[PDB]
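Colleague: Take a look at this one; I'll ask things after.
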Amino acid sequence: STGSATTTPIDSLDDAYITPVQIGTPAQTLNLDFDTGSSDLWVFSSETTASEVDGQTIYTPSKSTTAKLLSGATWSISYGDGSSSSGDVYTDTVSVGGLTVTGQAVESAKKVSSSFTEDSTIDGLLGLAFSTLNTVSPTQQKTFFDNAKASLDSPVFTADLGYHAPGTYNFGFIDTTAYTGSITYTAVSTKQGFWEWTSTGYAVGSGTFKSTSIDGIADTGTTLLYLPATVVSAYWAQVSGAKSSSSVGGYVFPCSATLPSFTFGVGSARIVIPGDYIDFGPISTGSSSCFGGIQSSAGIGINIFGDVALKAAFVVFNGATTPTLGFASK
Ligand SMILES: CSc1[nH]nc(N)c1S(=O)(=O)C(C)C
C-alpha cells in the first residue's frame with residue numbers, strides 16, 4: 001500500500017503545516033500537524049475542556065462505530081516550545097492520503113495548553129518520530145507509520161514541504177518526479193527516539209563551505225532552524241544591523257535587508273536554503289524589525305533541522321531495519 005496527502009501552511013509565515021487525516025467510521029476529518037519530532041497522535045475531541053477549544057475541529061469517538069476506549073490508558077506530553085496536552089486513548093481507524101491503519105491509538109485530549117487553544121487551524125498532532133517516545137501509559141503505543149510499515153510497498157515516508165505553498169507527505173514510495181538530481185542518504189541514530197543525523201557542515205551566502213559535524217534532528221514540527229551559536233553568529237554577521245535580542249528572544253534583522261542563503265551539508269551533497277526562507281517577518285505588526293529563521297540552539301540541548309531547512313529539500317525518512325535519512329534538492 002501507499003498513501004499521499006497534501007500538507008498546507010497554516011499562515012503566511014509557514015509557522016506549521018496541516019495535513020487532513022480521516023479518523024473513525026464514518027470518517028471525521030481533522031487537520032493534523034505531522035511532527036517527525038514526536039510520537040503521539042493526539043486530537044482535540046469531545047472530551048477536551050470546553051474553555052480550551054476555540055475553533056478547532058474535534059474528534060467525537062461516540063460517533064465512530066470503530067472507536068474503542070483503550071481501557072486504563074492515559075497520555076501526557078510536553079513539547080520543546082513549552083506547550084503541552086494530555087488525556088485518554090481510543091483505538092480507531094485512521095487514514096492518511098488513502099493509506100489506512102486499523103487499531104491506531106488516537107489520543108483524545110482532555111487538556112491542552114494555551115498555545116494549542118490559540119491556534120484554531122491545528123486540530124492535533126500526528127507523531128512520526130520513533131515509537132519509543134510515545135507517552136501512552138501503562139502500555140506504550142505505536143505511531144501511524146510504525147503501524148503502517150509492514151503493509152507499505154517500501155518502509156519509508158517522505159516530506160516535501162513548500163515555501164509559502166502546499167507540499168506533500170507520501171507513505172510507502174519515493175516520488176522520483178518530486179526532486180532534482182540524486183538523493184543523498186545519511187546515517188540515523190535512534191538513541192534519543194528522533195531522526196537524528198550529522199550534517200557535514202555549512203556555508204553562508206556565496207562563502208566557502210566549512211566542514212564541521214553538526215548533529216541534529218529532522219523535525220517537521222519545529223518551524224525554524226536551530227544550530228550552534230558559532231554557526232548562527234557567522235550567518236547573522238553577514239546581515240547589516242542584525243543582532244540577538246534577549247527581549248525578543250533571538251536574532252532580529254532590519255526588515256529592509258536582503259538575506260543571504262544558508263547551505264547545509266548532507267554527506268558530500270549540499271542543500272541550499274534561499275535567503276527568503278529565513279525571513280519570519282515583523283516581530284510585531286508594523287515593526288521594521290524582522291525575526292530570523294535561523295536561531296541558536298544553545299539552551300535547547302539539541303540542534304534542530306526544522307521546517308526552514310526541510311522545506312528546501314525533498315526528505316526521505318527511511319524506516320528500514322537500520323533507519324536512514326535522504327535529502328535531495330528540488
Ligand atoms: C516563528 S516565531 C515568529 N516569527 N515571526 C514573528 N514575529 C514571530 S514571534 O513569535 O512573534 C517572535 C519570536 C518575534
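These residue numbers are counts, starting from 1, taken along the chain as shown.
Quick check of the header: X-ray crystallography, 1.4 Å.
Cβ atoms are placed via backbone N, Cα and C, with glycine included.
Positions annotated as active site by Swiss-Prot: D35, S199. Annotation source Swiss-Prot lists disulfide bond at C255-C290. According to Swiss-Prot, the feature domain 'Peptidase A1' maps to 17-328.
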Colleague: Any idea what the Cα distance is from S199 (active site) over to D35 (active site), rounded to a whole Å?
Modeller: 20
Colleague: Tally every other Cβ atom lying within 10 Å of the Cβ atom of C290 (disulfide bond).
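Modeller: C290 (disulfide bond): 22 neighbouring Cβ atoms within 10 Å.
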Colleague: Give me the CA-CA distance between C290 (disulfide bond) and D35 (active site), in Å, as a whole number.
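Modeller: So the alpha carbons of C290 (disulfide bond) and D35 (active site) sit roughly 26 Å from each other.
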Colleague: Going by DSSP, is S199 (active site) part of a helix, a strand, or coil?
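Modeller: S199 (active site) sits in a strand per DSSP.
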Colleague: What residues, ordered by sequence, lie under 8 A Cβ-to-Cβ from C255 (disulfide bond) and sit at least six positions away in the same chain?
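Modeller: Expected: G281, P282, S287, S288, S289, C290.
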Colleague: Count the Cβ atoms, other than its own, that fall within 10 Å of the Cβ of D35 (active site), considering every protein chain shown.
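Modeller: By my count, 21.
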